$ cat run-v9.txt   # compact mmCIF, N, CA and C atoms
# COMPACT_ATOMS: atom_id res chain seq x y z
N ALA A 1 15.71 9.12 -0.92
CA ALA A 1 14.67 8.04 -0.94
C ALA A 1 13.44 8.46 -1.75
N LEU A 2 12.31 7.83 -1.41
CA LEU A 2 10.94 8.19 -1.86
C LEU A 2 10.37 9.35 -1.02
N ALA A 3 9.37 10.04 -1.58
CA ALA A 3 8.65 11.07 -0.81
C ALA A 3 7.88 10.46 0.40
N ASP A 4 7.79 11.25 1.48
CA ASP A 4 7.06 10.92 2.71
C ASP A 4 5.69 11.57 2.58
N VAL A 5 4.65 10.97 3.13
CA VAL A 5 3.32 11.56 3.15
C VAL A 5 2.66 11.22 4.50
N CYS A 6 1.99 12.21 5.07
CA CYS A 6 1.36 12.06 6.36
C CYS A 6 0.13 11.21 6.20
N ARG A 7 -0.06 10.27 7.10
CA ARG A 7 -1.21 9.41 7.07
C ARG A 7 -2.52 10.20 7.04
N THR A 8 -2.63 11.27 7.83
CA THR A 8 -3.86 12.09 7.87
C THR A 8 -4.13 12.92 6.59
N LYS A 9 -3.14 13.02 5.72
CA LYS A 9 -3.26 13.74 4.44
C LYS A 9 -3.77 12.85 3.30
N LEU A 10 -3.75 11.53 3.50
CA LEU A 10 -4.15 10.59 2.48
C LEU A 10 -5.67 10.63 2.36
N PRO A 11 -6.20 10.19 1.22
CA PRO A 11 -7.63 10.03 1.09
C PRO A 11 -8.21 9.19 2.23
N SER A 12 -9.44 9.52 2.63
CA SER A 12 -10.21 8.75 3.61
C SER A 12 -10.17 7.25 3.35
N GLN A 13 -10.25 6.87 2.08
CA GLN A 13 -10.26 5.47 1.73
C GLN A 13 -8.89 4.80 1.96
N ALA A 14 -7.80 5.56 1.81
CA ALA A 14 -6.46 4.99 2.01
C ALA A 14 -6.29 4.70 3.50
N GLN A 15 -6.77 5.63 4.32
CA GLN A 15 -6.75 5.48 5.76
C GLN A 15 -7.61 4.30 6.20
N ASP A 16 -8.76 4.12 5.56
CA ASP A 16 -9.60 2.94 5.77
C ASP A 16 -8.82 1.63 5.54
N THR A 17 -8.07 1.58 4.45
CA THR A 17 -7.22 0.45 4.15
C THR A 17 -6.16 0.23 5.21
N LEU A 18 -5.50 1.30 5.63
CA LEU A 18 -4.53 1.21 6.72
C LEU A 18 -5.13 0.56 7.99
N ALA A 19 -6.38 0.91 8.29
CA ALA A 19 -7.07 0.43 9.48
C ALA A 19 -7.49 -1.06 9.33
N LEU A 20 -7.95 -1.46 8.16
CA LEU A 20 -8.25 -2.87 7.89
C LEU A 20 -7.04 -3.73 7.95
N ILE A 21 -5.91 -3.24 7.44
CA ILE A 21 -4.63 -3.96 7.56
C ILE A 21 -4.25 -4.12 9.03
N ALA A 22 -4.39 -3.06 9.82
CA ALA A 22 -4.05 -3.15 11.26
C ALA A 22 -4.94 -4.19 11.91
N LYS A 23 -6.15 -4.33 11.37
CA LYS A 23 -7.20 -5.25 11.86
C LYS A 23 -7.15 -6.68 11.30
N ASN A 24 -6.28 -6.90 10.30
CA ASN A 24 -6.20 -8.10 9.46
C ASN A 24 -7.54 -8.44 8.78
N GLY A 25 -8.18 -7.42 8.22
CA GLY A 25 -9.37 -7.65 7.46
C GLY A 25 -10.56 -7.80 8.39
N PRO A 26 -11.61 -8.49 7.92
CA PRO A 26 -11.78 -9.02 6.55
C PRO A 26 -11.70 -7.96 5.42
N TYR A 27 -11.14 -8.35 4.28
CA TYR A 27 -10.85 -7.40 3.21
C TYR A 27 -11.92 -7.45 2.13
N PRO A 28 -12.16 -6.32 1.46
CA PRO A 28 -13.15 -6.27 0.39
C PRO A 28 -12.82 -7.00 -0.92
N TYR A 29 -11.56 -7.25 -1.23
CA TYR A 29 -11.24 -7.89 -2.51
C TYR A 29 -10.47 -9.18 -2.31
N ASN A 30 -10.76 -10.14 -3.17
CA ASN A 30 -10.04 -11.41 -3.17
C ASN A 30 -8.51 -11.24 -3.34
N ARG A 31 -8.07 -10.21 -4.08
CA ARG A 31 -6.61 -9.94 -4.24
C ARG A 31 -5.95 -9.15 -3.11
N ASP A 32 -6.72 -8.72 -2.12
CA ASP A 32 -6.15 -8.01 -0.99
C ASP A 32 -5.21 -8.94 -0.22
N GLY A 33 -3.98 -8.46 0.01
CA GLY A 33 -2.95 -9.26 0.67
C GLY A 33 -2.08 -10.16 -0.19
N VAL A 34 -2.23 -10.15 -1.49
CA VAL A 34 -1.28 -10.90 -2.31
C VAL A 34 0.11 -10.17 -2.29
N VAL A 35 1.16 -10.96 -2.41
CA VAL A 35 2.53 -10.49 -2.52
C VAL A 35 2.72 -9.44 -3.66
N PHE A 36 3.43 -8.37 -3.32
CA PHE A 36 3.94 -7.43 -4.28
C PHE A 36 5.44 -7.67 -4.43
N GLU A 37 5.90 -7.94 -5.67
CA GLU A 37 7.27 -8.34 -5.92
C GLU A 37 8.28 -7.19 -6.19
N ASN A 38 7.81 -5.93 -6.27
CA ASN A 38 8.70 -4.75 -6.38
C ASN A 38 9.69 -4.97 -7.53
N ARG A 39 9.16 -5.46 -8.63
CA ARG A 39 9.94 -5.84 -9.78
C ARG A 39 10.68 -4.64 -10.42
N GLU A 40 10.21 -3.43 -10.16
CA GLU A 40 10.85 -2.22 -10.66
C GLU A 40 11.78 -1.59 -9.62
N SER A 41 11.95 -2.24 -8.47
CA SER A 41 12.81 -1.71 -7.40
C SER A 41 12.47 -0.25 -6.96
N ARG A 42 11.20 0.14 -7.03
CA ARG A 42 10.77 1.45 -6.52
C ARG A 42 10.70 1.50 -4.99
N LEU A 43 10.47 0.36 -4.35
CA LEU A 43 10.57 0.25 -2.90
C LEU A 43 11.96 -0.29 -2.57
N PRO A 44 12.41 -0.11 -1.33
CA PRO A 44 13.68 -0.74 -0.93
C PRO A 44 13.73 -2.24 -1.26
N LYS A 45 14.88 -2.70 -1.74
CA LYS A 45 14.99 -4.06 -2.22
C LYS A 45 15.16 -5.01 -1.05
N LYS A 46 14.33 -6.05 -1.03
CA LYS A 46 14.27 -7.03 0.06
C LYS A 46 14.13 -8.41 -0.56
N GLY A 47 13.98 -9.42 0.28
CA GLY A 47 13.77 -10.78 -0.22
C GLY A 47 12.38 -11.04 -0.71
N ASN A 48 12.16 -12.24 -1.20
CA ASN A 48 10.88 -12.57 -1.78
C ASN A 48 9.78 -12.57 -0.69
N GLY A 49 8.58 -12.14 -1.05
CA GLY A 49 7.45 -12.12 -0.12
C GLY A 49 7.50 -11.05 0.94
N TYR A 50 8.40 -10.05 0.84
CA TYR A 50 8.53 -8.98 1.86
C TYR A 50 7.34 -8.00 1.83
N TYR A 51 6.85 -7.74 0.62
CA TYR A 51 5.78 -6.77 0.38
C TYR A 51 4.43 -7.43 0.03
N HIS A 52 3.35 -6.85 0.55
CA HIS A 52 1.99 -7.26 0.16
C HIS A 52 1.20 -6.05 -0.24
N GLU A 53 0.23 -6.24 -1.13
CA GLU A 53 -0.57 -5.12 -1.62
C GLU A 53 -2.04 -5.22 -1.15
N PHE A 54 -2.64 -4.05 -0.93
CA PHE A 54 -4.05 -3.93 -0.51
C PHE A 54 -4.75 -2.84 -1.29
N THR A 55 -5.97 -3.11 -1.74
CA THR A 55 -6.76 -2.13 -2.49
C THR A 55 -7.24 -0.99 -1.60
N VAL A 56 -7.05 0.23 -2.09
CA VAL A 56 -7.72 1.41 -1.55
C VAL A 56 -8.96 1.62 -2.44
N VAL A 57 -10.15 1.54 -1.85
CA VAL A 57 -11.39 1.67 -2.62
C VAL A 57 -11.42 2.99 -3.38
N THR A 58 -11.85 2.91 -4.64
CA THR A 58 -12.18 4.10 -5.42
C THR A 58 -13.67 4.14 -5.66
N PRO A 59 -14.36 5.13 -5.06
CA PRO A 59 -15.75 5.41 -5.41
C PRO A 59 -15.86 5.46 -6.91
N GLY A 60 -16.12 4.30 -7.53
CA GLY A 60 -16.07 4.19 -8.99
C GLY A 60 -17.29 3.55 -9.62
N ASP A 61 -13.52 -0.52 -11.93
CA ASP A 61 -14.35 -0.70 -10.75
C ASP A 61 -13.52 -1.03 -9.49
N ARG A 62 -12.44 -1.80 -9.63
CA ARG A 62 -11.52 -2.00 -8.48
C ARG A 62 -10.51 -0.85 -8.38
N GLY A 63 -10.03 -0.38 -9.54
CA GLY A 63 -9.22 0.83 -9.63
C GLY A 63 -7.74 0.63 -9.39
N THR A 64 -7.00 1.72 -9.27
CA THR A 64 -5.55 1.67 -9.33
C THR A 64 -4.87 1.94 -7.99
N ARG A 65 -5.65 2.27 -6.96
CA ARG A 65 -5.07 2.82 -5.73
C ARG A 65 -4.74 1.71 -4.76
N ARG A 66 -3.57 1.80 -4.15
CA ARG A 66 -3.08 0.70 -3.31
C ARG A 66 -2.31 1.20 -2.09
N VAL A 67 -2.32 0.40 -1.03
CA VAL A 67 -1.28 0.43 0.01
C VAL A 67 -0.41 -0.82 -0.13
N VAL A 68 0.90 -0.65 -0.04
CA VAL A 68 1.81 -1.79 0.05
C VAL A 68 2.48 -1.77 1.44
N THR A 69 2.54 -2.94 2.08
CA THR A 69 3.14 -3.08 3.38
C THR A 69 4.46 -3.85 3.22
N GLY A 70 5.41 -3.62 4.13
CA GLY A 70 6.62 -4.42 4.25
C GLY A 70 6.52 -5.38 5.45
N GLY A 71 7.49 -6.29 5.56
CA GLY A 71 7.57 -7.24 6.64
C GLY A 71 7.76 -6.79 8.09
N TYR A 72 8.22 -5.55 8.31
CA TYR A 72 8.36 -4.99 9.66
C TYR A 72 7.38 -3.83 9.91
N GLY A 73 6.40 -3.65 9.01
CA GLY A 73 5.32 -2.70 9.23
C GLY A 73 5.41 -1.40 8.44
N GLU A 74 6.34 -1.35 7.50
CA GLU A 74 6.44 -0.24 6.53
C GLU A 74 5.13 -0.15 5.76
N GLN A 75 4.64 1.06 5.52
CA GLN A 75 3.44 1.31 4.71
C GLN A 75 3.74 2.34 3.61
N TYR A 76 3.29 2.05 2.40
CA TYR A 76 3.55 2.89 1.25
C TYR A 76 2.25 3.15 0.49
N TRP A 77 2.10 4.37 -0.01
CA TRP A 77 0.97 4.78 -0.81
C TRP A 77 1.32 4.77 -2.32
N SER A 78 0.41 4.21 -3.13
CA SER A 78 0.47 4.29 -4.58
C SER A 78 -0.91 4.48 -5.15
N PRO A 79 -1.17 5.65 -5.76
CA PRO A 79 -2.47 5.92 -6.39
C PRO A 79 -2.62 5.32 -7.81
N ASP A 80 -1.54 4.75 -8.33
CA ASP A 80 -1.39 4.52 -9.75
C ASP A 80 -0.82 3.14 -10.07
N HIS A 81 -1.34 2.14 -9.36
CA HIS A 81 -0.99 0.74 -9.56
C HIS A 81 0.50 0.53 -9.66
N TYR A 82 1.21 1.09 -8.68
CA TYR A 82 2.65 0.88 -8.45
C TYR A 82 3.58 1.68 -9.37
N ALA A 83 3.08 2.68 -10.10
CA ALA A 83 3.96 3.56 -10.89
C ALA A 83 4.77 4.51 -9.98
N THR A 84 4.14 4.97 -8.90
CA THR A 84 4.80 5.82 -7.92
C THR A 84 4.48 5.33 -6.49
N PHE A 85 5.43 5.54 -5.58
CA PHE A 85 5.26 5.21 -4.17
C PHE A 85 5.61 6.42 -3.29
N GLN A 86 4.83 6.63 -2.24
CA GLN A 86 5.23 7.48 -1.10
C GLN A 86 5.28 6.62 0.16
N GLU A 87 6.23 6.88 1.06
CA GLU A 87 6.26 6.20 2.36
C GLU A 87 5.31 6.96 3.29
N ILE A 88 4.36 6.23 3.87
CA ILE A 88 3.35 6.81 4.76
C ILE A 88 3.98 7.01 6.14
N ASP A 89 3.91 8.26 6.60
CA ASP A 89 4.44 8.68 7.90
C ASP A 89 3.27 8.54 8.87
N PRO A 90 3.33 7.54 9.76
CA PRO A 90 2.23 7.36 10.69
C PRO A 90 2.21 8.43 11.79
N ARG A 91 3.24 9.28 11.86
CA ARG A 91 3.35 10.34 12.90
C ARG A 91 2.50 11.60 12.65
N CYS A 92 1.94 11.77 11.44
CA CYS A 92 1.18 13.00 11.16
C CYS A 92 -0.03 12.80 10.24

$ encode --input "run-v9.txt" --output "C-alpha cells"
Amino acid sequence: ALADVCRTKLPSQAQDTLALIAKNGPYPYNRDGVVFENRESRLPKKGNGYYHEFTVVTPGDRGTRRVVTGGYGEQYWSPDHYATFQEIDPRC
C-alpha cells in the first residue's frame, strides 16, 4: 500500500486540520471540503465523491499541504498537493 504515518508525528497544523474535520469546521478556506477525485489512483479506488480535501495551513499563501478524508473516516496526509499520500495512523 501507501506509507503509514502517526498522527502525532505530523505537523501541528496537520493535526489542527484533523481536529477541525472531527469538529466539522468552521473551516478557514472556501475550498475546504470540496471533493477529491483521486484521478491518479494514488488512494484506494472508490466511487465518485468518496474523498474530500482540506487545507493544512502553511505559515506563509494557501499552499500545497492537505488532508484527504474517505467516506468511512480514512485520513491521508499530502504535503505536496496530492503528488504523494501517507495514510494517517490515528493510533500513534

$ closest_residue --input "run-v9.txt" --among "A:30, A:55, A:42, A:49" --to "residue 18 in chain A" --atoms "all atoms listed in the file"
A:55

$ select_by_dssp --input "run-v9.txt" --residues "chain A" --states "strand (DSSP E or B)" --output "number ranges by chain"
A: 3-6, 35-36, 51-55, 66-69, 75-78, 86-89

$ residues_around --input "run-v9.txt" --residues "residue 25 in chain A" --least-positions-apart "6" --cutoff "12 Å" --atoms "only C-alpha atoms" --output "PDB file with N, CA and C atoms, in the coordinates of the input"
ATOM      1  N   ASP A  16      -8.760   4.120   5.560  1.00  0.00           N
ATOM      2  CA  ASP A  16      -9.600   2.940   5.770  1.00  0.00           C
ATOM      3  C   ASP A  16      -8.820   1.630   5.540  1.00  0.00           C
ATOM      4  N   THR A  17      -8.070   1.580   4.450  1.00  0.00           N
ATOM      5  CA  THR A  17      -7.220   0.450   4.150  1.00  0.00           C
ATOM      6  C   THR A  17      -6.160   0.230   5.210  1.00  0.00           C
ATOM      7  N   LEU A  18      -5.500   1.300   5.630  1.00  0.00           N
ATOM      8  CA  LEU A  18      -4.530   1.210   6.720  1.00  0.00           C
ATOM      9  C   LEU A  18      -5.130   0.560   7.990  1.00  0.00           C
ATOM     10  N   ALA A  19      -6.380   0.910   8.290  1.00  0.00           N
ATOM     11  CA  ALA A  19      -7.070   0.430   9.480  1.00  0.00           C
ATOM     12  C   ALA A  19      -7.490  -1.060   9.330  1.00  0.00           C
ATOM     13  N   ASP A  32      -6.720  -8.720  -2.120  1.00  0.00           N
ATOM     14  CA  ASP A  32      -6.150  -8.010  -0.990  1.00  0.00           C
ATOM     15  C   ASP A  32      -5.210  -8.940  -0.220  1.00  0.00           C
ATOM     16  N   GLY A  33      -3.980  -8.460   0.010  1.00  0.00           N
ATOM     17  CA  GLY A  33      -2.950  -9.260   0.670  1.00  0.00           C
ATOM     18  C   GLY A  33      -2.080 -10.160  -0.190  1.00  0.00           C
ATOM     19  N   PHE A  54      -2.640  -4.050  -0.930  1.00  0.00           N
ATOM     20  CA  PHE A  54      -4.050  -3.930  -0.510  1.00  0.00           C
ATOM     21  C   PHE A  54      -4.750  -2.840  -1.290  1.00  0.00           C
ATOM     22  N   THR A  55      -5.970  -3.110  -1.740  1.00  0.00           N
ATOM     23  CA  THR A  55      -6.760  -2.130  -2.490  1.00  0.00           C
ATOM     24  C   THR A  55      -7.240  -0.990  -1.600  1.00  0.00           C
TER      25      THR A  55
END

$ atom_distance --input "run-v9.txt" --atom1 "CA of residue 71 in chain A" --atom2 "atom N of residue 51 in chain A"
6.1 Å

$ atom_distance --input "run-v9.txt" --atom1 "CA of residue 90 in chain A" --atom2 "CA of residue 76 in chain A"
10.5 Å

$ residues_around --input "run-v9.txt" --residues "range 78-82 of chain A" --least-positions-apart "2" --cutoff "8 Å" --atoms "all atoms listed in the file" --output "PyMOL selection string"
chain A and resi 42+63-68+75-76+84-87

$ closest_residue --input "run-v9.txt" --among "A:28, A:59, A:73, A:44" --to "residue 89 in chain A" --atoms "only C-alpha atoms"
A:73

$ atom_distance --input "run-v9.txt" --atom1 "atom C of residue 29 in chain A" --atom2 "CA of residue 3 in chain A"
27.9 Å

$ residues_around --input "run-v9.txt" --residues "residue 92 in chain A" --least-positions-apart "6" --cutoff "8 Å" --atoms "all atoms listed in the file" --output "NGL selection string"
:A and (5-10)

$ select_by_dssp --input "run-v9.txt" --residues "chain A" --states "alpha helix (DSSP H)" --output "ChimeraX atom specification"
/A:12-23

$ residues_near_point --input "run-v9.txt" --point "(-0.7, -7.7, -3.9)" --cutoff "6 Å" --atoms "only C-alpha atoms" --output "MDAnalysis selection string"
chainID A and resid 33:36 52:53

$ write_last_selection --input "run-v9.txt" --atoms "N, CA and C atoms" --output "PDB file, keeping the file's coordinate frame"
ATOM      1  N   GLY A  33      -3.980  -8.460   0.010  1.00  0.00           N
ATOM      2  CA  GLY A  33      -2.950  -9.260   0.670  1.00  0.00           C
ATOM      3  C   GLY A  33      -2.080 -10.160  -0.190  1.00  0.00           C
ATOM      4  N   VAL A  34      -2.230 -10.150  -1.490  1.00  0.00           N
ATOM      5  CA  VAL A  34      -1.280 -10.900  -2.310  1.00  0.00           C
ATOM      6  C   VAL A  34       0.110 -10.170  -2.290  1.00  0.00           C
ATOM      7  N   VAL A  35       1.160 -10.960  -2.410  1.00  0.00           N
ATOM      8  CA  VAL A  35       2.530 -10.490  -2.520  1.00  0.00           C
ATOM      9  C   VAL A  35       2.720  -9.440  -3.660  1.00  0.00           C
ATOM     10  N   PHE A  36       3.430  -8.370  -3.320  1.00  0.00           N
ATOM     11  CA  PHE A  36       3.940  -7.430  -4.280  1.00  0.00           C
ATOM     12  C   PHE A  36       5.440  -7.670  -4.430  1.00  0.00           C
ATOM     13  N   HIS A  52       3.350  -6.850   0.550  1.00  0.00           N
ATOM     14  CA  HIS A  52       1.990  -7.260   0.160  1.00  0.00           C
ATOM     15  C   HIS A  52       1.200  -6.050  -0.240  1.00  0.00           C
ATOM     16  N   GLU A  53       0.230  -6.240  -1.130  1.00  0.00           N
ATOM     17  CA  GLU A  53      -0.570  -5.120  -1.620  1.00  0.00           C
ATOM     18  C   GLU A  53      -2.040  -5.220  -1.150  1.00  0.00           C
TER      19      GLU A  53
END

$ build_atoms --input "run-v9.txt" --residues "range 34-57 of chain A" --atoms "N, CA, C and O atoms" --output "PDB file, keeping the file's coordinate frame"
ATOM      1  N   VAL A  34      -2.230 -10.150  -1.490  1.00  0.00           N
ATOM      2  CA  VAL A  34      -1.280 -10.900  -2.310  1.00  0.00           C
ATOM      3  C   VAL A  34       0.110 -10.170  -2.290  1.00  0.00           C
ATOM      4  O   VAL A  34       0.201  -8.931  -2.105  1.00  0.00           O
ATOM      5  N   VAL A  35       1.160 -10.960  -2.410  1.00  0.00           N
ATOM      6  CA  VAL A  35       2.530 -10.490  -2.520  1.00  0.00           C
ATOM      7  C   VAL A  35       2.720  -9.440  -3.660  1.00  0.00           C
ATOM      8  O   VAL A  35       2.258  -9.610  -4.807  1.00  0.00           O
ATOM      9  N   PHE A  36       3.430  -8.370  -3.320  1.00  0.00           N
ATOM     10  CA  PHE A  36       3.940  -7.430  -4.280  1.00  0.00           C
ATOM     11  C   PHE A  36       5.440  -7.670  -4.430  1.00  0.00           C
ATOM     12  O   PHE A  36       6.171  -7.593  -3.460  1.00  0.00           O
ATOM     13  N   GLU A  37       5.900  -7.940  -5.670  1.00  0.00           N
ATOM     14  CA  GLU A  37       7.270  -8.340  -5.920  1.00  0.00           C
ATOM     15  C   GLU A  37       8.280  -7.190  -6.190  1.00  0.00           C
ATOM     16  O   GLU A  37       9.474  -7.446  -6.310  1.00  0.00           O
ATOM     17  N   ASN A  38       7.810  -5.930  -6.270  1.00  0.00           N
ATOM     18  CA  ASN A  38       8.700  -4.750  -6.380  1.00  0.00           C
ATOM     19  C   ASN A  38       9.690  -4.970  -7.530  1.00  0.00           C
ATOM     20  O   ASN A  38      10.895  -4.725  -7.425  1.00  0.00           O
ATOM     21  N   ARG A  39       9.160  -5.460  -8.630  1.00  0.00           N
ATOM     22  CA  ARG A  39       9.940  -5.840  -9.780  1.00  0.00           C
ATOM     23  C   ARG A  39      10.680  -4.640 -10.420  1.00  0.00           C
ATOM     24  O   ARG A  39      11.644  -4.802 -11.140  1.00  0.00           O
ATOM     25  N   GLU A  40      10.210  -3.430 -10.160  1.00  0.00           N
ATOM     26  CA  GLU A  40      10.850  -2.220 -10.660  1.00  0.00           C
ATOM     27  C   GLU A  40      11.780  -1.590  -9.620  1.00  0.00           C
ATOM     28  O   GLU A  40      12.319  -0.525  -9.849  1.00  0.00           O
ATOM     29  N   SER A  41      11.950  -2.240  -8.470  1.00  0.00           N
ATOM     30  CA  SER A  41      12.810  -1.710  -7.400  1.00  0.00           C
ATOM     31  C   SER A  41      12.470  -0.250  -6.960  1.00  0.00           C
ATOM     32  O   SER A  41      13.330   0.479  -6.535  1.00  0.00           O
ATOM     33  N   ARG A  42      11.200   0.140  -7.030  1.00  0.00           N
ATOM     34  CA  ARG A  42      10.770   1.450  -6.520  1.00  0.00           C
ATOM     35  C   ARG A  42      10.700   1.500  -4.990  1.00  0.00           C
ATOM     36  O   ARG A  42      10.832   2.570  -4.399  1.00  0.00           O
ATOM     37  N   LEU A  43      10.470   0.360  -4.350  1.00  0.00           N
ATOM     38  CA  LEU A  43      10.570   0.250  -2.900  1.00  0.00           C
ATOM     39  C   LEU A  43      11.960  -0.290  -2.570  1.00  0.00           C
ATOM     40  O   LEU A  43      12.651  -0.820  -3.440  1.00  0.00           O
ATOM     41  N   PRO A  44      12.410  -0.110  -1.330  1.00  0.00           N
ATOM     42  CA  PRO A  44      13.680  -0.740  -0.930  1.00  0.00           C
ATOM     43  C   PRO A  44      13.730  -2.240  -1.260  1.00  0.00           C
ATOM     44  O   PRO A  44      12.755  -2.942  -1.120  1.00  0.00           O
ATOM     45  N   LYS A  45      14.880  -2.700  -1.740  1.00  0.00           N
ATOM     46  CA  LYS A  45      14.990  -4.060  -2.220  1.00  0.00           C
ATOM     47  C   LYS A  45      15.160  -5.010  -1.050  1.00  0.00           C
ATOM     48  O   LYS A  45      15.954  -4.760  -0.175  1.00  0.00           O
ATOM     49  N   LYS A  46      14.330  -6.050  -1.030  1.00  0.00           N
ATOM     50  CA  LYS A  46      14.270  -7.030   0.060  1.00  0.00           C
ATOM     51  C   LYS A  46      14.130  -8.410  -0.560  1.00  0.00           C
ATOM     52  O   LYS A  46      14.125  -8.533  -1.786  1.00  0.00           O
ATOM     53  N   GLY A  47      13.980  -9.420   0.280  1.00  0.00           N
ATOM     54  CA  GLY A  47      13.770 -10.780  -0.220  1.00  0.00           C
ATOM     55  C   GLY A  47      12.380 -11.040  -0.710  1.00  0.00           C
ATOM     56  O   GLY A  47      11.515 -10.159  -0.655  1.00  0.00           O
ATOM     57  N   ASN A  48      12.160 -12.240  -1.200  1.00  0.00           N
ATOM     58  CA  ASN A  48      10.880 -12.570  -1.780  1.00  0.00           C
ATOM     59  C   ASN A  48       9.780 -12.570  -0.690  1.00  0.00           C
ATOM     60  O   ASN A  48      10.020 -12.932   0.439  1.00  0.00           O
ATOM     61  N   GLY A  49       8.580 -12.140  -1.050  1.00  0.00           N
ATOM     62  CA  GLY A  49       7.450 -12.120  -0.120  1.00  0.00           C
ATOM     63  C   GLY A  49       7.500 -11.050   0.940  1.00  0.00           C
ATOM     64  O   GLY A  49       6.740 -11.124   1.878  1.00  0.00           O
ATOM     65  N   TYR A  50       8.400 -10.050   0.840  1.00  0.00           N
ATOM     66  CA  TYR A  50       8.530  -8.980   1.860  1.00  0.00           C
ATOM     67  C   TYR A  50       7.340  -8.000   1.830  1.00  0.00           C
ATOM     68  O   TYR A  50       6.892  -7.488   2.878  1.00  0.00           O
ATOM     69  N   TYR A  51       6.850  -7.740   0.620  1.00  0.00           N
ATOM     70  CA  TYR A  51       5.780  -6.770   0.380  1.00  0.00           C
ATOM     71  C   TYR A  51       4.430  -7.430   0.030  1.00  0.00           C
ATOM     72  O   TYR A  51       4.370  -8.462  -0.659  1.00  0.00           O
ATOM     73  N   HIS A  52       3.350  -6.850   0.550  1.00  0.00           N
ATOM     74  CA  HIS A  52       1.990  -7.260   0.160  1.00  0.00           C
ATOM     75  C   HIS A  52       1.200  -6.050  -0.240  1.00  0.00           C
ATOM     76  O   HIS A  52       1.471  -4.956   0.236  1.00  0.00           O
ATOM     77  N   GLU A  53       0.230  -6.240  -1.130  1.00  0.00           N
ATOM     78  CA  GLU A  53      -0.570  -5.120  -1.620  1.00  0.00           C
ATOM     79  C   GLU A  53      -2.040  -5.220  -1.150  1.00  0.00           C
ATOM     80  O   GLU A  53      -2.596  -6.328  -1.008  1.00  0.00           O
ATOM     81  N   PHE A  54      -2.640  -4.050  -0.930  1.00  0.00           N
ATOM     82  CA  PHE A  54      -4.050  -3.930  -0.510  1.00  0.00           C
ATOM     83  C   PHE A  54      -4.750  -2.840  -1.290  1.00  0.00           C
ATOM     84  O   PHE A  54      -4.189  -1.749  -1.488  1.00  0.00           O
ATOM     85  N   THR A  55      -5.970  -3.110  -1.740  1.00  0.00           N
ATOM     86  CA  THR A  55      -6.760  -2.130  -2.490  1.00  0.00           C
ATOM     87  C   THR A  55      -7.240  -0.990  -1.600  1.00  0.00           C
ATOM     88  O   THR A  55      -7.768  -1.219  -0.481  1.00  0.00           O
ATOM     89  N   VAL A  56      -7.050   0.230  -2.090  1.00  0.00           N
ATOM     90  CA  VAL A  56      -7.720   1.410  -1.550  1.00  0.00           C
ATOM     91  C   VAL A  56      -8.960   1.620  -2.440  1.00  0.00           C
ATOM     92  O   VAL A  56      -8.830   1.824  -3.657  1.00  0.00           O
ATOM     93  N   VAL A  57     -10.150   1.540  -1.850  1.00  0.00           N
ATOM     94  CA  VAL A  57     -11.390   1.670  -2.620  1.00  0.00           C
ATOM     95  C   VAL A  57     -11.420   2.990  -3.380  1.00  0.00           C
ATOM     96  O   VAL A  57     -11.033   4.043  -2.854  1.00  0.00           O
TER      97      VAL A  57
END
